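In what follows, a structure is listed as structure tokens, so that the remarks can point back to it.
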Amino acid sequence: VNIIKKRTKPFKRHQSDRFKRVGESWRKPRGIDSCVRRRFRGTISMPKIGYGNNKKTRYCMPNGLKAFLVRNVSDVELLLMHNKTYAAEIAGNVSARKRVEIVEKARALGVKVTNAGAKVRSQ
Amino acid sequence: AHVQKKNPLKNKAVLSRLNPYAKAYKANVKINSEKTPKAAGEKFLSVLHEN
Amino acid sequence: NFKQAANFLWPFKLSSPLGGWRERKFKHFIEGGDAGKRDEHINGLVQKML
Amino acid sequence: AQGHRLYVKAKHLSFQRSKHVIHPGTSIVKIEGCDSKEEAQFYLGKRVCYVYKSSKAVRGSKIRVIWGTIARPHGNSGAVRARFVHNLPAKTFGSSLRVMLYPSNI
Amino acid sequence: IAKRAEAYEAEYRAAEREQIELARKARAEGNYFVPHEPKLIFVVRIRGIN
Amino acid sequence: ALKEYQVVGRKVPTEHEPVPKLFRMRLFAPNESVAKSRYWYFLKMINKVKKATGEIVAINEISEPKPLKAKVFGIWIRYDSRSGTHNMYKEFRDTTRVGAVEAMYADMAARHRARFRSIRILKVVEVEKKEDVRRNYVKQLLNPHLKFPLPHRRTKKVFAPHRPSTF
Amino acid sequence: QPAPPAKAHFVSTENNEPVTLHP
Amino acid sequence: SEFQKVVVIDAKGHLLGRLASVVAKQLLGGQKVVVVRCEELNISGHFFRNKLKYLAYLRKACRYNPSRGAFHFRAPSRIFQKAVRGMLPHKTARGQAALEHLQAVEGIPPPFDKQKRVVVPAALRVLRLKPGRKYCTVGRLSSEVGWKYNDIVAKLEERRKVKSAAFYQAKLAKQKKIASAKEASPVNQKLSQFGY
RNA sequence: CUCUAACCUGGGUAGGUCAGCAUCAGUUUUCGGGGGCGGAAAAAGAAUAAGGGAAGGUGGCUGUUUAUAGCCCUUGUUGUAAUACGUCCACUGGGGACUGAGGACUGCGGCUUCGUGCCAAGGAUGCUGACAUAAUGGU
RNA sequence: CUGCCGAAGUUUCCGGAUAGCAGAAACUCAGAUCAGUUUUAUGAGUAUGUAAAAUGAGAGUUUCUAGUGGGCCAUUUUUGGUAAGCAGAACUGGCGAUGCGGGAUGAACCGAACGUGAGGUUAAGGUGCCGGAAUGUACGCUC
RNA sequence: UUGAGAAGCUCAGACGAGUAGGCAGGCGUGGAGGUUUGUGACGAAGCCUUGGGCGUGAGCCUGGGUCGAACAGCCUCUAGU
RNA sequence: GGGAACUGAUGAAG
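The listed protein sequences correspond, in order, to chains Y, R, U, E, H, D, G and V.
Counting in the deposited numbering, the first sequence runs from 4 upward without gaps.
Counting in the deposited numbering, the second sequence runs from 313 upward without gaps.
Counting in the deposited numbering, the third sequence runs from 201 upward without gaps.
Counting in the deposited numbering, the fourth sequence runs from 3 upward without gaps.
Counting in the deposited numbering, the fifth sequence runs from 51 upward without gaps.
According to the deposited numbering, the stretch in the sixth sequence is residues 2 to 156, 164 to 175, in order.
Counting in the deposited numbering, the seventh sequence runs from 131 upward without gaps.
Counting in the deposited numbering, the eighth sequence runs from 2 upward without gaps.
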């Protein structure tokens, strides 16, 4: 099944572009005076359950394999029977040596490691 | 069961599934010929063309 | 059994009539428009929505 | 240059719109010589384009192109309603298109 | 089902045939003829819920 | 368009009245559902037989027997004004009784701005003699030596190359 | 139970000829 | 049926508010319109009809620094250029880019004397107006409000006609030679059966 | 002996994206084609026999009655008429547009060809073509 | 942060009540138990109320518990009224809680009540340009 | 036919504004017990980013730069959240 | 007989 997104532009809290105190993460407005709350046309949209994505092609990367944080060499082993539905995303704090051994074994399991190239310059 | 709503007017297979009469209809039967007679009474034509 | 059969069918949810309605809709049918009885002309209305 | 031009000259007219709401996913196209919504049934389905000329050159040339087709007639004056793979930019109102004669059925 | 359908389909004609016949008599005679009235009606809404 | 309908009807017979009388009307109606609605309108104001009492027996169309022959129609109109008082007699020259009353409505819609229900047509008679036509302009399109140039000539595709002839 | 509406019938005009009125 | 890169619309005999609407759409269509003999346009209504409709427009100026008020232009060209200025969204970026495709001039300058002059059959006076009506001529009107260049253009246009007339007889004498040479080619008369 | 397996020797064979085109299914829109059935068993009209009438009076002589033009009205007849209008076909040719959800078989059906199988029948498959110093996709 | 249900804004007595509207459980009945409804019948001086037909729809009981007795208008009677408005009583709705197409922008006007999208079709209103759509067809008007 | 986290799986319909209010599921922050044969000087936390990814959203995961000693996921408890 | 930015002085630039 080809992956699809009902929306691609994230939601952006109202007037979080003008003021630097107001952050961009979404916060539903609380006043009935609001133009946005009454949903006047022309104002920005809102997070609703309508924009929920397909319950089967959810959590999937655009390739089709879902992600999976592998933080050591025995976390990629579980992905042995799931190499065509999961991509072994290595965690960020893993050292640049313990990383180069996950790659050499995930490659045997045919698992896509998404960022195997970090800290690893090849010769 | 019934994943698509097929249309028995525009599909010629589901129509036969629902209606086991489509193998004999003859929608246009020639019930008349050249010899059709006029049936227009005089007193009706008088009250027709009155005024 | 017409009562026991009219309760079987759902209300017939139709579309808007291809070709539109008449000009101004909500006056009685006998002065143009379309409301109230249409007699045989409800036939030529369903040959638009359907 | 009269031994060429296997298309029909056209002009992109406007987006689909109401008075206040415009619908840039479907365009309005005015074909030359098409002056009736019954004479527009000949250009239904043809593959139209929009050829222009960018400054920076890629792949040995400069001309780029946006393809698309024609879906509906539109009104009583022989315009049509097209649909492009990329929606046409709004700064191309009153430009010129090409209505290529294929897929030809005549 | 077809045995019921053959009965119904010929009957729709056999009642449409007679109102062809029963008006061809009176109009050629000078008699008048009210018809078998509508007993079914079909109601289609025109205004929303507002 | 218009279509002239012959309508007859009566009331429900009772034991007191075993045979109701039959009343014929020659009126005009774009379809038949407005004929059998206008029919109960005229008959209620004149014979006082309400819609909750009477019934309808026969509707037929009257096609014009001679649509290819030119004619002149004298038209008797009872017009319901803003004071509700107008009897009107007007002449129209055309081929068909269907076509006359359309023109009758149109002129009556211009000079006197009459609506549908503001008009109750009274009688339509094909007037025939030349000495009874009481209008000057209708009379002049009926002399054997008539003639005129074409009026309202105008003989898409904008940007004409040369000047129109307009002759 | 409701009183049913009216089916069809002839109505002869030998003793009752339809007269023509005017509005 | 014209998508010329440039069209020249000779304006004698046209109406103002109907040509200014035909032109206003072709400007937004992408063409490049030149309207020559703008001085001999027509307007429905008699001579004083638009005259007080424009003498009223002269009474309308700002009441702050009256050199910042409305600029009531008097030329016959700018009378019609005003007419194609409210017909376009001239407050957007597509209006003020359309207006520079229109060149409205009076008389006929020599850069457009030697070119084709199409007319609009949907805005003409002899068609759209009832015979025996009241009509006023703009260039004859705007002279009475301040356009002081009437006697020069009427003199100038008279010289162009007789020169163009001299051009025409040489052109008329040209095809009379080919009128003979067309039938003199014998192939025309036995192979006219392809319609031609 | 069996098995897997390095090398040499040979034959056939994507997923990724984007373009087509075909037979389909769903929704839909726009052109038609054919024939039934209805009304005054449409009215006309045409052709052809009667009679009547006249004119906005033709030839003839302002006045008259088809003559050196014709017109209207009534009936007969060609008629056992056409068309139009209103419908109906489980009648038929095309043209465009968007969609392809679901995932062995279960079922309703139709053709068969008497074993079956096939099928437009409980949601799309097939035949090709461009591409990785890349076509699309983003920010 | 998201989702689901969602009012009253008037009483009735005495700020406290009861009822109502919205709710939670328990427990009733698949029936004629109902119904901002229409018929027929009885009466009553076209209207009035009463009972058993049509039409739809599953109804009912209490227990324990929040919010709410503001108003702005539009509807028709209406008596007191007059230079001229108007003043007041009652009914019905909207809005209060409601975004959207028109009405050039406007809450009281016309349509329409909303998840995210694609494709079609319409309402209101429109088709000369701004502005998407006939400088269409028809007939009469007007200087 | 394996789709038994029966707190799962699966089939079909209708529905979707929402004020006071009522109900439910989740996101994140500091500490506590248990757990990950947990991550870390081959660079933990933080910080910046015209990089990529997920979720309707609160949020989370990650590439590059900076930097220099600690830190996180899961199930519960707790609040100066 | 009645009603109730404005003007100076420089200035770049197709």
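All residues carry an ideal CB built from backbone N, CA and C; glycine is no exception.
Alpha-carbon to alpha-carbon, residue j and residue i
i      : j      : result
U/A235 : U/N201 : 29 Å
V/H102 : E/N107 : 39 Å
V/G70  : V/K54  : 18 Å
V/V154 : E/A42  : 47 Å
V/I10  : D/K37  : 59 Å
Y/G55  : Y/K9   : 7 Å
Y/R42  : U/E223 : 33 Å
V/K149 : D/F167 : 32 Å
H/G98  : Y/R44  : 23 Å
D/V50  : D/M89  : 26 Å
Y/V76  : Y/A109 : 9 Å
D/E65  : H/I96  : 38 Å
V/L192 : V/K183 : 12 Å
Per-residue DSSP class, three states only, for residue i
i                      : result
D/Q7                   : strand
D/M89                  : strand
U/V246                 : helix
H/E56                  : helix
D/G75                  : strand
D/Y106                 : helix
residue 109 of chain E : This structure cannot speak to residue 109 of chain E, because chain E is shown only from 3 to 108.
Y/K122                 : coil
Y/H85                  : coil
H/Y62                  : helix
V/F48                  : helix
G/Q131                 : coil
E/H76                  : strand
D/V128                 : strand
V/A57                  : helix
D/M26                  : strand
Neighbour-count burial assignment, residue i, 16 or more Cβ in a 10 Å radius
i                      : result
Y/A90                  : buried
D/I120                 : buried
D/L28                  : buried
V/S78                  : buried
U/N207                 : exposed
E/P75                  : buried
V/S165                 : exposed
residue 108 of chain H : The question about residue 108 of chain H has no answer here: the residues shown for chain H are numbered 51 through 100.
E/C36                  : buried
Distance cut-off 7 Å: residue i Cβ against heavy atoms of the ligand ADP
i     : result
E/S57 : Inclusion of the ligand ADP in the displayed structure is not the case, the ligand content being empty and no account of it being possible.
Cut-off 8 Å between Cβ atoms - residues of its own chain near residue i, not counting five sequence neighbours on either side
i      : result
Y/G34  : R40
Y/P32  : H17, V39 and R40
Y/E92  : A70, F71, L72, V73, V116, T117 and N118
E/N78  : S38 and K39
E/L103 : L8, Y9, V10 and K48
Cβ separation of residue i and residue j, assumed to be a contact under 8 Å, to the nearest whole Å
i      : j      : result
V/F81  : V/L42  : 6 Å
D/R171 : V/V120 : 6 Å
V/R95  : V/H15  : Not confirmed; about 26 Å, so no contact.
R/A336 : R/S328 : About 12 Å separates the two Cβ atoms, so there is no contact after all.
D/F24  : D/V9   : 6 Å
E/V31  : E/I72  : 7 Å
Sequence-distant residues of its chain with Cβ nearer than 7 Å to residue i (five each side left out)
i     : result
V/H47 : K135 and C137
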